[PDB]
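Below: the structure, in structure tokens.
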Amino acid sequence: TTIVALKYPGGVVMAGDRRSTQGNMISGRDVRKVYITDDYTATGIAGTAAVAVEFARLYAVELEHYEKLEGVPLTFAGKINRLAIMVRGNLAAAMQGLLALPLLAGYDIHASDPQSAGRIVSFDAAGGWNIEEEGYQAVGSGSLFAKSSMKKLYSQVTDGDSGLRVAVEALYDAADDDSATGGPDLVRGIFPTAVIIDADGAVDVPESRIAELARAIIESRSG
Amino acid sequence: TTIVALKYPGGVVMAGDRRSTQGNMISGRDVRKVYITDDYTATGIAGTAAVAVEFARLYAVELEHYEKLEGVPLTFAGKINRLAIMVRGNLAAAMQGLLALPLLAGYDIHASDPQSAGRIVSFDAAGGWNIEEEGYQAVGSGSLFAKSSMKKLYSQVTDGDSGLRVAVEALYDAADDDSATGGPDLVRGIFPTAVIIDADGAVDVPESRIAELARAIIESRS
Amino acid sequence: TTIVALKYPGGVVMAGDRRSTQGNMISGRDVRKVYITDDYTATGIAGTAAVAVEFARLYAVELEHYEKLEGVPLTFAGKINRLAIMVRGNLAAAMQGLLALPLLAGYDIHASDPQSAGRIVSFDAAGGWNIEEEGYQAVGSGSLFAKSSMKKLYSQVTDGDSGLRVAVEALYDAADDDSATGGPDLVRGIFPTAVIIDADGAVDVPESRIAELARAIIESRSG
Amino acid sequence: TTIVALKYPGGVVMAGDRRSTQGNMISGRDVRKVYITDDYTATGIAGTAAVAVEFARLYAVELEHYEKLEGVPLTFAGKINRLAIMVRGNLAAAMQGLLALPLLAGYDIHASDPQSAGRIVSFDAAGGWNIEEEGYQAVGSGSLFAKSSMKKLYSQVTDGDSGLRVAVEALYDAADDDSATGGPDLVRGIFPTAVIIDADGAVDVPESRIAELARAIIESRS
Amino acid sequence: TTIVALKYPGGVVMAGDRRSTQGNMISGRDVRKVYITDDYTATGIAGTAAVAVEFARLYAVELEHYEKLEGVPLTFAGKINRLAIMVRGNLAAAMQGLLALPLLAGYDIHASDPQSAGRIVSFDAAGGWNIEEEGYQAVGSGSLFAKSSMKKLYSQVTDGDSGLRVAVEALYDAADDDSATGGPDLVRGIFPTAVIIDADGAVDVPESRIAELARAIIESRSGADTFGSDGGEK
Amino acid sequence: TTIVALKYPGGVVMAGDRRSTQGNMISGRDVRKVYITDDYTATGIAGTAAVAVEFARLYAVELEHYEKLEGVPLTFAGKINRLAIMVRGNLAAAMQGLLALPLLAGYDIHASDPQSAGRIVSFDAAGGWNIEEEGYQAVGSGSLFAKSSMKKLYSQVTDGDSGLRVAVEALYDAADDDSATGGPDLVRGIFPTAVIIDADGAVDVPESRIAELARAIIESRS
Amino acid sequence: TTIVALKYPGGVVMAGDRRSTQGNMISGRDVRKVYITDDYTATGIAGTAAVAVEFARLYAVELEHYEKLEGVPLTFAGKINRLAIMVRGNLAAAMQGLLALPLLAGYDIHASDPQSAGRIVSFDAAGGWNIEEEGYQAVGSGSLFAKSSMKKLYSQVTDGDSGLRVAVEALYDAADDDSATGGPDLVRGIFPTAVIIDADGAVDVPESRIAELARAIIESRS
Amino acid sequence: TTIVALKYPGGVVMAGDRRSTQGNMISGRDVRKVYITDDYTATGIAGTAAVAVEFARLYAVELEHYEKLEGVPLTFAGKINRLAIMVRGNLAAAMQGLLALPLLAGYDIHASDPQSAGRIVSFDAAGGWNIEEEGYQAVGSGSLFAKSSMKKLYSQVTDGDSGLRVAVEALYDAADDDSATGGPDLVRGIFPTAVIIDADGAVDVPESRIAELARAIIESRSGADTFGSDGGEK
Amino acid sequence: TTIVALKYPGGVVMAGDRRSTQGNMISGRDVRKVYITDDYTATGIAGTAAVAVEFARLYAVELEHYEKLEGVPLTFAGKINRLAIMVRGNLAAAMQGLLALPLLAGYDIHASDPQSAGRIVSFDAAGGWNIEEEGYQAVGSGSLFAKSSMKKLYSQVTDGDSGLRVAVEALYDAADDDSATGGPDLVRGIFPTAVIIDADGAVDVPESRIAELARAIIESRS
């Protein structure tokens with residue numbers, strides 16, 4: 001599994017692969033790992049698939065429950081604290097083989113500067129959180145390769161489209177160097193899923209655009 | 001890793017993949033796992049790459065040493081016995097995580113019927129050997145998927161080219177269902193290697209033929 | 001044990017073998033492993049036989065209990081969630097040897113297109129569920145061989161009868177490659193059980209049809 | 001794996017199944033487990049397949065080596081002693097999962113009464129041996145079922161043909177109650193192998209007769 | 001310990017041996033292992049003797065308690081479920097050396113065909129139950145030999161008497177191949193106990209009939225040994 | 001991680017590094033480890049980063065809660081006791097790997113002499129606390145090197161500016177001798193964070209002054 | 001520790017860092033990890049420093065011994081085989097923590113095309129070796145980051161100078177992401193060491209050129 | 001135990017403490033830990049005392065044996081290699097608690113520049129060696145404190161006397177921060193031992209010079225403590 | 001750590017060292033280990049510093065709590081019983097590495113003879129208490145050396161001053177033979193603390209008197 005998130009002027013984009021494996025055997029080819037928790041945040045979770053799905057569902061339920069109870073959505077730091085508390089509480093299960101590491105990307109509406117309202121938060125196994133100030137972050141087995149690719153490709157990010165292309169290329173590199181991460185499957189037409197968040201909210205990227213970007217990257221690397 | 005071998009009328013063909021991994025990390029993309037030990041036998045070894053290369057080299061050295069010393073090549077049963085002895089002697093190291101399971105394909109010149117002179121021999125971790133009578137066998141992590149694919153596809157084998165196509169398709173299925181087995185890499189132009197053995201000896205299949213077969217299979221499945 | 005399920009236009013069919021073993025000794029020859037939990041779903045469970053029977057009974061009781069209490073049956077995703085919860089709760093006992101891996105197939109009456117209303121759901125040991133999109137799935141010791149056979153045979157499925165024949169042939173292959181899976185016993189006249197679900201509900205396949213299909217397959221492979 | 005042997009007036013017969021498994025997965029369908037060590041004895045070995053093959057080969061080599069060196073074959077007691085010594089020496093490796101339990105059947109040319117010259121010898125894991133006096137014995141995973149079937153069926157043994165039928169039926173029962181023992185494969189046409197030993201020596205039973213007996217048994221139980 | 005049960009037209013018969021051992025020592029010679037839980041079911045339990053007796057008593061108490069409370073006896077499947085629940089509950093004690101494997105035989109008064117109303121149920125260590133429909137079943141250490149003997153002898157069963165003879169012969173074979181199972185003791189006059197269930201209920205078999213059957217079986221075996229040989233050698 | 005604190009005439013200064021690591025990999029470059037708990041105390045915590053942040057937040061919340069409830073801030077000894085109790089209660093988690101060692105520096109308004117109101121308190125894993133009377137203290141992996149540098153550089157401290165320079169140089173030495181402690185990153189413009197406490201309360205040192213001091217130290221050692 | 005190697009038209013280059021650590025403590029700042037084994041091959045060894053130095057010394061001694069004895073240097077395959085044998089023989093001691101993973105770069109004078117005479121060979125802990133065909137390879141703790149940086153930067157390599165700059169930048173990235181790898185120390189004037197091999201042989205790169213390249217990279221990334 | 005060695009223009013100096021402990025108990029107060037192996041090298045060993053003495057004795061014997069056999073002393077690299085081989089061969093016994101870490105200081109007569117002929121070599125437990133380039137090194141339990149003190153005090157080293165004073169002060173700091181290192185004992189008159197190597201060979205420093213240097217250091221420390229304050233309070 | 005207590009005509013004197021260590025490193029130089037629990041008893045606790053401080057604080061709180069509740073101070077035996085109960089209850093924590101061994105010295109107001117009213121009580125790890133009748137006792141790592149010194153020096157005790165000198169000399173000997181015990185620091189001017197208890201209560205000994213005694217002892221032994 002590999003999930004990447006990066007900031008661009010005016011928003012943030014998160015993308016993830018589609019492969020789930022049980023050892024060396026491939027058990028899934030269309031797993032979705034990026035979820036829209038609310039109108040302005042997206043969460044990607046790596047590790048055990050069942051724990052990831054349960055975590056995303058519970059986190060979305062908790063956020064919506066607070067919003068309905070109080071009539072006002074939580075602040076971004078409050079959402080970070082809730083996710084960190086959940087990760088800290090899952091420590092005993094993580095030590096038993098049910099580890100789940102989330103990745104939070106969101107748009108801060110209350111931020112003073114709309115062009116710097118994108119936020120990326122990374123979590124560790126002990127529940128600690130850190131707000132990324134370098135503009136990109138990745139989680140999963142292929143996270144290191146994706147981060148090293150983004151370190152060189154981040155100078156090309158100028159808007160949403162370029163950021164999406166860079167994220168797709170980072171996922172392609174991660175799948176190229178990690179067997180647990182699946183690359184663009186042209187035979188079955190299965191492509192990574194992406195979410196773009198801006199001032200108008202979080203929307204899902206259509207599959208056609210991601211397919212076009214993946215084909216362009218493959219053609220560029222073929223010669 | 002996955003290595004397949006199947007019999008066709010008049011010969012035998014063996015093919016293997018190119019991927020080698022260290023856990024979940026891909027460390028090799030062009031490893032050659034099928035060797036031509038002599039003029040009529042080919043050996044594919046799965047497991048640890050270092051042990052596989054060492055075993056292939058030592059086995060070829062031993063066979064050529066006997067042939068030069070005695071002036072006559074060993075019989076097929078003798079080659080089977082020597083390979084089984086090597087596998088049996090490697091048991092202690094295999095129990096430490098250095099397992100290596102070879103697959104042997106050959107063309108018996110001393111066989112009575114030329115059309116049934118192909119031979120496929122499989123080996124287990126205890127050194128036991130068994131001559132396969134179903135006409136196909138596979139070894140490696142993805143061996144089960146390739147064997148099950150060949151079970152359905154073996155009815156289409158009537159010559160060397162059809163057998164090569166079936167072997168390539170079986171390797172494609174094994175790589176499709178196993179992450180440790182590499183499929184045809186179209187971006188880098190890396191394709192599985194194959195060896196065809198017949199009455200005229202053992203030759204390496206050119207890369208262009210395997211590339212054409214792999215592209216045909218990919219177009220068929222898309 | 002081996003249980004197979006596959007989708008055909010307008011429905012879904014699930015079949016399972018009849019053999020239970022205690023190590024190498026054969027203890028049962030007519031075990032039924034496919035249950036009709038309600039009018040539009042069928043459940044096949046592999047692993048320990050006692051745990052499978054208890055799971056099927058408890059799951060059917062829970063579904064009927066909810067339907068009677070609320071006056072309306074659960075949605076398909078609700079049934080999936082309840083089964084996943086049961087599997088997740090059984091994890092501690094599964095680690096001790098009482099492992100149970102279910103397989104759920106159903107027909108969604110609320111689905112948009114009637115011809116694509118068939119559903120197949122697979123579960124893992126951690127409770128993770130995945131709605132299968134390939135059109136077939138299998139569980140049990142001989143699951144791999146049956147799945148590989150269905151991969152090559154699924155192109156022939158065009159209606160309920162062809163799908164049933166493909167399922168029977170996949171079970172035959174699984175029994176041919178797995179000693180823990182029982183094949184068609186012609187001496188005792190014992191054949192695998194199958195269930196077909198369509199718009200009219202779930203019905204049991206009569207033994208005569210399955211016996212005829214098994215004899216046809218055996219005669220096909222004998223020459 | 002299941003190997004049976006029973007005595008009939010004027011000789012002895014030994015039969016064994018053909019299946020070899022690796023856990024629950026079937027790996028072999030035509031394994032031959034009964035060997036003709038010399039002109040008047042046959043040896044069937046259960047357990048690990050590789051160890052069984054190696055034991056049979058080494059035992060035959062040792063017996064033939066002694067016969068060539070001395071110009072006179074070993075007495076039956078000497079053969080029993082050598083096999084027991086081999087089993088005793090294999091104890092340390094058997095404790096590591098390489099167990100091999102042989103079954104020895106032979107015809108004693110030097111015996112007084114020719115009609116009772118048949119001999120059946122069983123072995124344990126500690127190397128001990130015992131000459132059976134009840135007329136039948138079996139080894140392997142399905143040995144108990146085969147012996148319990150032969151206990152009821154032994155009263156019908158009056159000649160070589162009836163003894164062969166009883167042995168085939170016992171193997172059928174063992175395969176019926178045990179998954180590790182393969183039954184008659186009518187689809188593939190694979191049947192258990194048998195060896196008949198009498199005053200004229202040890203010969204291999206033709207496959208057609210065993211197929212006829214198996215089909216008769218199946219029709220009887222259908 | 002070995003308990004056998006087989007179906008005959010019109011009923012069912014269950015029999016068990018009389019020996020209890022502590023290792024290689026023989027600690028008991030007249031232990032009774034077949035119980036009449038109610039008017040139409042009999043239960044035999046193998047394993048630890050104390051756990052077997054406690055299980056039989058508790059199961060009978062539970063069945064009679066339900067019958068008295070509700071005024072109607074449980075259905076056969078209900079009794080099967082209660083016994084399976086008890087076996088499943090005893091899993092922790094079984095893992096510590098207190099295993100008890102029961103064997104349930106009964107007559108279903110509510111069954112459609114009176115001649116096929118007999119039922120035999122077998123249980124495993126995990127509490128799973130399977131209604132045996134091949135006509136016979138056995139439990140205990142010598143269960144395999146008795147089951148294999150019944151496989152060859154079941155074709156002779158035509159009524160209650162033949163079924164009882166087959167059960168006694170199966171127990172004799174099991175004791176012949178198992179040291180932990182006691183055989184017919186002619187010196188002390190101790191014979192296995194049997195229960196026959198039919199449309200009129202479950203009744204204990206008198207010892208005289210079982211003694212006669214055991215003597216006939218022993219005489220037949222001795223005569224066969226006299227007639228038989230080791231392929232021509234005695 | 002390395003956090004240093006030292007007393008100067010009229011107050012106290014505490015500084016810490018910015019690097020967090022996961023084994024050998026560098027995962028953080030702008031981590032803040034010095035917190036202003038209230039108007040006159042600053043707390044720096046070393047060890048696991050998550051536990052440090054949680055402890056700082058909980059300690060500040062508890063102090064403010066007591067102040068709001070009673071209408072009067074806790075005495076310095078009361079704050080020491082609360083922090084020691086928290087450390088003692090975290091012992092079980094620390095033995096499992098979640099170890100956190102805090103360092104407390106504060107200004108005592110109720111002290112007799114204003115010039116000697118600076119306070120430095122050190123803690124151990126067992127919850128024991130000691131008020132340092134030597135003028136400096138350091139915690140973390142690089143604590144030994146920083147303390148040994150401060151032992152030689154403390155004679156130059158005469159006011160807040162010289163004390164801040166000495167603290168920055170001690171952090172530079174700790175980073176120079178320890179890989180887990182990050183030095184002044186001139187490429188990214190990241191410098192250690194410091195807090196100065198005096199009679200007017202606790203304030204954060206602007207980054208420009210610390211950058212100037214670090215550049216001066218680097219020029220001195222070049 | 002990080003040692004990189006990459007191929008450029010007409011030669012090959014290898015560079016390594018200078019830091020040696022003991023846990024989180026920095027124990028060495030001017031360690032040399034790249035050795036010139038002979039006139040056309042260079043070897044860099046990662047892992048335990050003592051084992052690396054001993055391996056380099058012994059390997060150079062063996063190569064020179066063979067060259068002096070036979071009057072002709074070993075072929076490149078022979079050198080690869082000897083290094084693989086040494087790595088395989090060190091497996092038992094590596095299991096105790098004395099691990100050494102070498103990287104071999106050389107120039108094949110017997111190669112047909114002079115522009116493709118460069119060779120890069122990597123080794124695993126089991127003694128297996130693989131001739132890299134993608135043009136670059138790295139070993140050590142920071143090997144992954146350096147390799148991923150070279151993957152992006154390899155398109156700029158056209159001659160020796162560009163290859164040297166790319167190798168220096170890859171080492172800079174590896175030090176930037178790994179704390180066990182030392183970066184260019186401008187305060188002490190310590191820079192990574194590099195070796196360039198071409199048709200004229202292997203020579204050590206002067207420190208001034210590497211210092212200029214490192215300063216250019218630092219100013220580029222500032 | 002703490003042994004220090006630093007370079008000065010024209011030579012090298014090595015010094016060590018005198019205390020040996022068995023846990024928290026003081027067992028020795030006048031242990032000599034710096035040996036003159038030959039005319040131009042000095043070796044100090046930290047760790048177990050017995051292993052240290054045996055190491056120094058065997059190393060000196062080996063060097064003298066080679067010099068007598070060949071008629072020419074070993075080069076400095078040869079001595080380093082022999083000591084590294086000894087350390088590597090002692091690894092198995094060091095893993096059982098018999099650890100010995102040597103420190104080597106020497107004066108290479110074959111070096112080009114006479115003023116930079118001093119050499120300091122440090123060894124690890126795996127037998128690896130490194131020629132120090134910073135001009136000072138220390139080994140022992142208190143090595144970190146002595147090395148950190150020398151890092152600050154090395155700017156004052158201009159000749160042999162100043163280097164000796166710096167080494168004595170580093171040992172004083174190491175003893176001040178480590179309980180296993182013994183400080184100058186004024187009551188018993190026991191002081192650290194030092195060896196200084198120059199172009200004329202290796203000689204032992206007389207005890208009076210070290211005693212007066214230690215006394216001056218103690219007086220300076222006491223005066224600084226009197227002058228200083230805890231940020232305003234004493 | 002070492003704490004000594006001895007009886008002199010008319011009272012009792014208790015003294016202790018000032019050093020706290022973490023293995024071989026010295027972490028504290030002015031630790032106070034003798035506490036005035038109430039007007040007529042003093043308690044010295046050895047072992048872990050945190051446990052000792054907590055024990056002293058809790059014991060003083062309990063004694064004052066009882067005195068305030070009942071309006072009458074506890075008898076000496078009641079204080080002994082409470083301290084023994086606390087020590088016994090701390091057994092589980094002591095077995096895990098948090099051992100604390102106290103030493104109680106007091107003056108009995110209700111005793112018959114004023115000149116023999118001094119009391120010394122020692123405790124073991126199991127909570128057992130014993131009223132010492134030998135006239136002196138010591139606890140800590142250097143307790144044996146201090147007790148052996150007092151065994152020879154106790155004949156010189158005739159009043160409070162001589163007893164204080166003997167206690168100081170015993171502490172000096174304990175520090176002389178034990179590295180974990182701190183001796184008189186004449187560079188920093190740190191000396192052991194002492195408490196003198198008599199009919200007028202318990203008073204802390206001024207540092208000047210102890211410094212004079214320590215200097216006299218050092219000059220005597222020089």
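Please note that chains go A, B, ... in the order of the structure tokens, that every chain numbers its residues from 1, and that ligands are numbered from 1 in the order shown.
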I need the helix (DSSP H, G or I) residues of segment 11-171 of chain H per DSSP on the backbone, written as a ChimeraX atom specification. /H:49-70,76-89,91-94,114-116,143-156,160-171
If we count only C-alpha atoms, what is near residue 182 of chain D at a cut-off of 10 Å, once residues fewer than 4 positions away on the same chain are taken out, given as a compact mmCIF listing (two decimals) with N, CA, C and O atoms, in the first residue's frame?
```txt
# COMPACT_ATOMS: atom_id res chain seq x y z
N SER C 179 -6.76 -33.19 -1.39
CA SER C 179 -7.27 -34.39 -0.76
C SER C 179 -8.31 -34.09 0.31
O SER C 179 -9.16 -34.94 0.60
N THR D 1 -0.23 -43.45 2.08
CA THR D 1 0.52 -44.63 1.67
C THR D 1 0.05 -45.86 2.44
O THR D 1 -0.09 -45.83 3.66
N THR D 2 -0.19 -46.95 1.72
CA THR D 2 -0.61 -48.20 2.34
C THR D 2 -0.07 -49.36 1.52
O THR D 2 -0.29 -49.42 0.30
N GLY D 16 0.56 -52.36 -3.11
CA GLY D 16 0.63 -51.03 -2.55
C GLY D 16 -0.06 -50.02 -3.44
O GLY D 16 -0.28 -50.26 -4.63
N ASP D 17 -0.39 -48.87 -2.85
CA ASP D 17 -1.12 -47.82 -3.55
C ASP D 17 -0.16 -46.97 -4.38
O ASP D 17 1.03 -47.28 -4.50
N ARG D 18 -0.67 -45.88 -4.96
CA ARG D 18 0.10 -45.07 -5.89
C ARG D 18 0.17 -43.59 -5.53
O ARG D 18 0.85 -42.84 -6.23
N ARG D 19 -0.51 -43.16 -4.47
CA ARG D 19 -0.62 -41.73 -4.16
C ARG D 19 0.50 -41.28 -3.23
O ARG D 19 0.86 -41.98 -2.28
N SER D 20 1.04 -40.09 -3.51
CA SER D 20 1.97 -39.41 -2.63
C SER D 20 1.50 -37.98 -2.44
O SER D 20 1.15 -37.31 -3.42
N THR D 21 1.48 -37.51 -1.19
CA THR D 21 0.92 -36.21 -0.86
C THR D 21 1.93 -35.39 -0.08
O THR D 21 2.84 -35.92 0.58
N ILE D 26 -2.14 -33.25 -3.31
CA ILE D 26 -1.71 -34.46 -3.99
C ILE D 26 -0.58 -34.11 -4.95
O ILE D 26 -0.77 -33.31 -5.87
N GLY D 28 1.70 -36.79 -6.26
CA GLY D 28 1.99 -37.89 -7.16
C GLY D 28 0.82 -38.84 -7.31
O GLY D 28 0.07 -39.07 -6.36
N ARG D 29 0.65 -39.41 -8.51
CA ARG D 29 -0.47 -40.29 -8.79
C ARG D 29 -0.07 -41.67 -9.28
O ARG D 29 -0.94 -42.55 -9.36
N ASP D 30 1.20 -41.90 -9.61
CA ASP D 30 1.64 -43.20 -10.12
C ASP D 30 2.94 -43.63 -9.45
O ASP D 30 3.82 -44.22 -10.09
N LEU D 171 -6.69 -52.81 0.01
CA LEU D 171 -6.21 -51.50 -0.41
C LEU D 171 -7.37 -50.56 -0.70
O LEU D 171 -7.30 -49.36 -0.39
N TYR D 172 -8.44 -51.08 -1.30
CA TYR D 172 -9.62 -50.26 -1.56
C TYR D 172 -10.23 -49.75 -0.26
O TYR D 172 -10.60 -48.58 -0.16
N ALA D 174 -8.64 -49.35 2.62
CA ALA D 174 -7.72 -48.38 3.21
C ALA D 174 -7.84 -47.02 2.54
O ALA D 174 -7.85 -45.99 3.22
N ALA D 175 -7.94 -47.00 1.21
CA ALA D 175 -8.14 -45.74 0.51
C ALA D 175 -9.52 -45.15 0.78
O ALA D 175 -9.68 -43.93 0.71
N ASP D 176 -10.51 -45.99 1.08
CA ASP D 176 -11.84 -45.49 1.39
C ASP D 176 -11.87 -44.78 2.73
O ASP D 176 -12.56 -43.77 2.90
N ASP D 178 -9.01 -43.63 4.40
CA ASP D 178 -7.86 -42.75 4.60
C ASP D 178 -7.65 -41.90 3.36
O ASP D 178 -7.64 -42.43 2.24
N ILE D 190 -5.23 -45.59 -13.52
CA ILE D 190 -4.10 -45.90 -12.65
C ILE D 190 -4.59 -46.81 -11.54
O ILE D 190 -5.56 -46.50 -10.85
N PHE D 191 -3.90 -47.93 -11.36
CA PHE D 191 -4.29 -48.97 -10.41
C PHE D 191 -3.11 -49.35 -9.54
O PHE D 191 -1.95 -49.15 -9.93
N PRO D 192 -3.36 -49.89 -8.35
CA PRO D 192 -2.25 -50.28 -7.47
C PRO D 192 -1.40 -51.38 -8.09
O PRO D 192 -1.87 -52.21 -8.87
```
Which residues, written as an MDAnalysis selection string, have at least one atom at most 8 Å from residue 127 of chain C, with only C-alpha atoms counted and residues fewer than 6 positions away on the same chain left out? (chainID A and resid 50) or (chainID C and resid 84:88)
- Using only C-alpha atoms, which residue out of B:98, B:69, B:3, B:85 lies closest to chain G?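 Using only C-alpha atoms, the shortest distance to chain G belongs to B:98.
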| chain F contacts to chain H at 9 Å (only C-alpha atoms) as a count of residues only | 27
For chain D, the closest of C:128, C:44, C:163, C:189 counting only C-alpha atoms is C:189
**Report entry** Exercise answer, chain G residues close to chain F, 8 Å and only C-alpha atoms, as a ChimeraX atom specification
**Finding:** /G:24-26,177-180,187-188,218,221-222
Taking only residues of chain F that have an atom at most 9 Å from an atom of chain A, what is each one's shortest atom pair and its distance in Å to one decimal, using only C-alpha atoms, in chain and number order, as a Markdown table?
```
| residue | atom | partner | partner_atom | distance |
| --- | --- | --- | --- | --- |
| F:28 | CA | A:130 | CA | 8.3 |
| F:30 | CA | A:133 | CA | 8.4 |
| F:31 | CA | A:130 | CA | 8.2 |
| F:48 | CA | A:126 | CA | 8.6 |
| F:49 | CA | A:128 | CA | 6.8 |
| F:50 | CA | A:128 | CA | 4.2 |
| F:51 | CA | A:128 | CA | 7.8 |
| F:53 | CA | A:128 | CA | 8.0 |
| F:54 | CA | A:128 | CA | 8.7 |
| F:98 | CA | A:126 | CA | 8.4 |
```
Put those residues in a file: N, CA, C and O atoms, as a compact mmCIF listing (two decimals), in the first residue's frame.
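What follows is the written file selection_23.txt:
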```txt
# COMPACT_ATOMS: atom_id res chain seq x y z
N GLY F 28 11.69 14.32 11.30
CA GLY F 28 11.26 15.66 11.62
C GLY F 28 12.40 16.66 11.66
O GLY F 28 13.49 16.34 12.13
N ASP F 30 11.53 20.36 12.23
CA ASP F 30 11.07 21.59 12.87
C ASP F 30 10.28 21.29 14.14
O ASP F 30 9.33 22.01 14.47
N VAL F 31 10.67 20.24 14.86
CA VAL F 31 9.96 19.87 16.08
C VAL F 31 10.28 20.85 17.19
O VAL F 31 11.45 21.20 17.41
N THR F 48 10.26 10.06 23.84
CA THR F 48 9.26 9.91 22.78
C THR F 48 8.55 11.24 22.56
O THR F 48 8.12 11.90 23.51
N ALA F 49 8.43 11.64 21.29
CA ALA F 49 7.85 12.94 20.97
C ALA F 49 6.37 13.01 21.34
O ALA F 49 5.91 14.02 21.88
N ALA F 50 5.62 11.95 21.05
CA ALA F 50 4.19 11.94 21.34
C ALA F 50 3.94 12.07 22.84
O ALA F 50 3.10 12.86 23.28
N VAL F 51 4.69 11.31 23.64
CA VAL F 51 4.54 11.38 25.08
C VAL F 51 4.96 12.75 25.59
O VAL F 51 4.35 13.28 26.53
N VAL F 53 4.69 15.68 23.98
CA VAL F 53 3.62 16.63 23.68
C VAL F 53 2.43 16.42 24.61
O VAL F 53 1.86 17.38 25.14
N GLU F 54 2.05 15.16 24.82
CA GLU F 54 0.93 14.86 25.70
C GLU F 54 1.20 15.33 27.13
O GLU F 54 0.33 15.91 27.77
N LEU F 98 7.69 3.82 26.14
CA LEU F 98 7.16 5.18 26.07
C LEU F 98 7.76 6.02 27.21
O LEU F 98 7.07 6.45 28.14
```
**Asked** Which neighbours of residue 95 of chain E fall inside 12 Å, counting only C-alpha atoms, when residues of the same chain fewer than 6 positions from it are skipped, and could you give them as a PyMOL selection string?
**Response** (chain C and resi 96) or (chain E and resi 88-89+125-126)
- Could you name the residues that touch residue 13 of chain H at 9 Å or less, counting only C-alpha atoms, but leaving out those on the same chain fewer than 3 positions away, as a PyMOL selection string? chain H and resi 4-8+42+105-106+160+163-164+167+194-198
Taking only segment 22-174 of chain F into account, list the residues labelled strand (DSSP E) by DSSP (computed from the backbone), as an NGL selection string. :F and (22 or 25-28 or 34-36 or 41-47 or 100-107 or 118-123 or 129-131 or 136-140)
Residues near residue 31 of chain H, anyone? I mean within 7 Å using only C-alpha atoms, not counting same-chain ones fewer than 3 positions away, as a list in words.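 After dropping sequence-adjacent residues, the list is residues 18, 19, 20 and 28 of chain H.
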Here atom CA of residue 90 of chain D and atom CA of residue 167 of chain D stand apart by 29.0 Å
(request) For residue 63 of chain D, please output as a PyMOL selection string all residues within 8 Å (counting only C-alpha atoms; exclusion window: fewer than 6 positions along the same chain). (result) chain D and resi 37-38+73-74+79
Near chain C, which residues of chain A fall within 9 Å when you count only C-alpha atoms, and what do they look like as a list in words?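 The complete set of qualifying residues is residues 28, 30, 31, 48, 49, 50, 51, 53, 54 and 98 of chain A.
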